[PDB]
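# Summary of structural features
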Amino acid sequence: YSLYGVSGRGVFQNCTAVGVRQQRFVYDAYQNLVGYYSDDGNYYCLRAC
Amino acid sequence: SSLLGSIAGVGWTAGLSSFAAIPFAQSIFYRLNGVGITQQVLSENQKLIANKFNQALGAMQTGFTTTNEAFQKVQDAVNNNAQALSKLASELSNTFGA
Amino acid sequence: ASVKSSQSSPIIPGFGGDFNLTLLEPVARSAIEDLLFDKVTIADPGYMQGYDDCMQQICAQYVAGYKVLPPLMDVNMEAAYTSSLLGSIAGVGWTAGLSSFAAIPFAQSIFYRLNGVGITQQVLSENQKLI
Amino acid sequence: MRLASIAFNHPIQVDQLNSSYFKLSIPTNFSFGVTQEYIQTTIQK
Amino acid sequence: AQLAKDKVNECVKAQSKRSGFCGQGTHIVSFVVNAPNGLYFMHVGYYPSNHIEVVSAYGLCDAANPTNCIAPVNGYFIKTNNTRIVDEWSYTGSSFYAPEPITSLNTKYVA
Amino acid sequence: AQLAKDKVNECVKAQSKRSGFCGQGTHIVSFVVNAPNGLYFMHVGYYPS
């Protein structure tokens, strides 16, 4: 993928359902994003390489 | 499991290891005859001890969490090497540098 | 907790007749323990007299910074563990099992401890003592 | 809250007799058994 | 791990007539199960808990002086001279509870 | 400290029919006093000569 200001390499899946949903990432306690948003409008949660 | 097999006969001894096949009950009446030096008249009259031994092992079944270190030492070990591995590797990457 | 468990003599000014034991508490930190606490050079500690005592003038309580915590046990109580341990020297040194025993005088404890491995049997320790 | 207890020690002190006899503290009940310590043997590799 | 090998060869095979290591009490059995990364022991020890102070000697003698005391635990109580020692109490006339060492002081019973 | 517990349970309670650890000679008595930070032993051994 290559999203807005963020790079990265991930395996998106239609996951559920944890986030903010108004701004459009979700991190897990580090710099990484685990990982949905951005698609319109669904939960494409990402993973590491 | 072969070590649990050798608990009874090897706990006899009379040498490690060139022995044996003795039932576990008699192994604890000789192991109990040894250092808890109560000789044979007490273990004859009576047993149950057996129910006290099994009661001891029963509380040994129920009690692991949380106030029973050794067990907190075990999760200090798994949380030790899991902490070092994954958490130190999470400090190593993302982020360190300038 | 793997020191004491059982069972002192207790501490009476006569331990063994006649083995002059310095390890008696005079009364609380026995005499040989007093020698190896006086001769060792510690500039520390402060527990509501040494903070103020250094304020009247090591700096675990002035940089802060670093800070030394107290050692979980007051000295009278570590002295209580090892003094009941000195109580259990005689009877526990017998044995015949650790620990479900005893109260035997210290002199006879060293004639059995001496009978054991310095395997001189009873005729030598009878004739004579002084040892 | 409710600080400062000093809970030590206290061993069941058998008393020392004087003469040819000497007291001894033998017990009455077995009461076995404990779980005990982990000994760590390795790392994760 | 070398300590664990020292705990398996001592406390698990044999008894081991030694204190903690074989934790807290006169050790009886010990069991080994594999824990995460290590072994794990279930040391089955004795725990006395009801102490009754009785009286020794130290042995016996008579008009003739061969002694008794001890195989291996003490005394020789009173009422009358009985011998279940460590841990519970008390046996019969001794008959196999007695080596016969040399006499000592406090004569005839035999301290 | 686990060594000290091994020296109290062997050399201090029992005799201990073993060499140094229970230093230098067929061991007889041993005494424990609290030193700074540690224990301290006064092992009373035999010395033939």
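Residues numbered from 1 in each chain as written, not as in the entry; some residues may be left out. Chains lettered and ligands numbered in written order. Part of a larger assembly, values for the part shown. Heavy atoms only, no water. Residues with missing side-chain atoms left out of burial classes, pairs and counts.

Regarding how it was determined, this PDB entry cites cryo-EM in its header, along with a resolution of 4.1 Å.

## Thoughts on the interface of chain F and chain C
Taken together, the contact pairs 22 residues of chain F with 27 residues of chain C. Here chain F and chain C share an interface that buries about 2,100 Å² over both sides, 71% of which is from carbon and sulfur atoms. Counting across the chain F and chain C interface gives zero salt bridges. Elements with a minimum of two residues in the side of chain F that touches chain C: α1 (2–13) and β1 (27–29) of chain F. For the side of chain F that touches chain C, the element with the highest residue contribution is α1 of chain F, accounting for five residues. (Contact = heavy atoms within 4.5 Å. Buried area = accessible area lost by both parts, 1.4 Å probe. Salt bridge = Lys/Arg side-chain N within 4 Å of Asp/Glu carboxyl O. Helix = DSSP H or I, 4+ residues; strand = E, 2+ residues; numbered from the N terminus.)

## Some thoughts on the nonpolar core
Counting 27 residues, the largest nonpolar core has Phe32 of chain D together with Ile28, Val29, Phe31, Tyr40 and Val44 of chain E as its most contacted members. For this core, the elements supplying multiple residues, two or more each, are α2 (24–34), α4 (50–62) and α5 (71–92) of chain B together with α1 (2–13) and β1 (27–29) of chain E. The contacts of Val44 of chain E, once residues within four sequence positions are left out, are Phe53, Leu57 and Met60 of chain B, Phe32 and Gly33 of chain D together with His27, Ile28, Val29 and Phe31 of chain E. Grouped together as the second largest cluster of nonpolar side chains are 21 residues, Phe106 of chain C together with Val8, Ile28 and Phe41 of chain F included. (Core = buried A, V, L, I, M, F, W, Y, C linked by side-chain atoms within 4.5 Å. Buried < 20%, exposed > 50% of the residue type's maximum accessible area, 1.4 Å probe, protein only.)

## Side note on the interface of chain D and chain E
Facing 26 residues of chain D, the contacting portion of chain E comprises 42 residues. Taken together, the residues that form the side of chain D that touches chain E break down as 12 nonpolar, 12 polar and two charged. The pairing of strand β1 (residues 23–26) of chain D with strand β3 (residues 52–55) of chain E spans four bridges and is classified as antiparallel. Residue pairing in the sheet places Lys23 of chain D in a bridge with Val55 of chain E of β3 of chain E. (Nonpolar A, V, L, I, M, F, W, Y, C, P; charged D, E, K, R; others polar. Pairing = 2+ DSSP bridges.)

## Focus: helix α3 (residues 75–92) of chain C
If you check α3 of chain C, its first and last C-alpha atoms are 24 Å apart, about what 18 residues at 1.5 Å a residue would give, namely 26 Å. When you tally the buried positions in α3 of chain C, you get 14 out of 18 residues, the bulk of the element. (Expected span 1.5 Å × (residues − 1).)

## Details of the pattern of salt bridges
Overall, the coordinates contain five salt bridges over all chains when judged by the stated rule. Here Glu37 of chain D makes a salt bridge to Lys7 of chain E, at a shortest N to O gap of 3.9 Å. In this pair, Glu37 of chain D sits in the segment after β1 while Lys7 of chain E sits in helix α1, so the two residues belong to two different chains. A residue is classified by how much of its surface remains accessible, and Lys7 of chain E, at 1% relative accessible area, is buried.

## Focus on the state of the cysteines
Going through the model one piece at a time under the given rule, you end up with three disulfides over all chains. Disulfide pairing is shown between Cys15 of chain A and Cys45 of chain A; the S-S distance is 2.0 Å. Since a negative S-S torsion denotes a left-handed disulfide, the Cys15 of chain A-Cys45 of chain A link at about -60 degrees is left-handed. Of the two residues, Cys15 of chain A is situated in the loop between β1 (13–14) and β2 (44–45) and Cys45 of chain A in strand β2; the sequence distance between them amounts to 30 residues. Classification of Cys45 of chain A by relative accessible area gives buried; the value is 14%. In this model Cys11 of chain E forms its disulfide with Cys22 of chain E; the gap between the sulfur atoms is 2.0 Å. You can see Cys11 of chain E sitting in helix α1 and its partner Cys22 of chain E sitting in the loop between α1 and β1, a full 11 residues away along the chain. Each member of the pair, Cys11 of chain E as well as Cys22 of chain E, is classed as buried. A disulfide-free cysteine, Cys59 of chain C has its sulfur positioned 7.0 Å from the sulfur of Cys54 of chain C, the nearest such atom. With relative accessibility at 33%, the residue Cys59 of chain C sits in the partly exposed group. Distance from the sulfur of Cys69 of chain E, which forms no disulfide, to the nearest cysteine sulfur (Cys61 of chain E) is 11 Å. (Disulfide = S-S within 2.5 Å.)

## Observations regarding the packing of α3 of chain C against α1 of chain F
The N-to-C vectors of α3 of chain C and α1 of chain F enclose an angle of 50 degrees; their axes lie 10 Å apart at closest approach. In terms of their interaxial angle, α3 of chain C and α1 of chain F are classed as oblique. When α3 of chain C is examined against α1 of chain F, the residues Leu85, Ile89 and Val92 of chain C are found in contact with a partner set consisting of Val8, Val12 and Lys13 of chain F. Of the residues assigned to the contact of α3 of chain C with α1 of chain F, the class counts are five nonpolar, no polar and one charged. (Axes fitted to C-alpha atoms, helices over the stretch in contact; angles between N-to-C directions. Parallel < 35°, antiparallel > 145°, perpendicular 65-115°, else oblique.)

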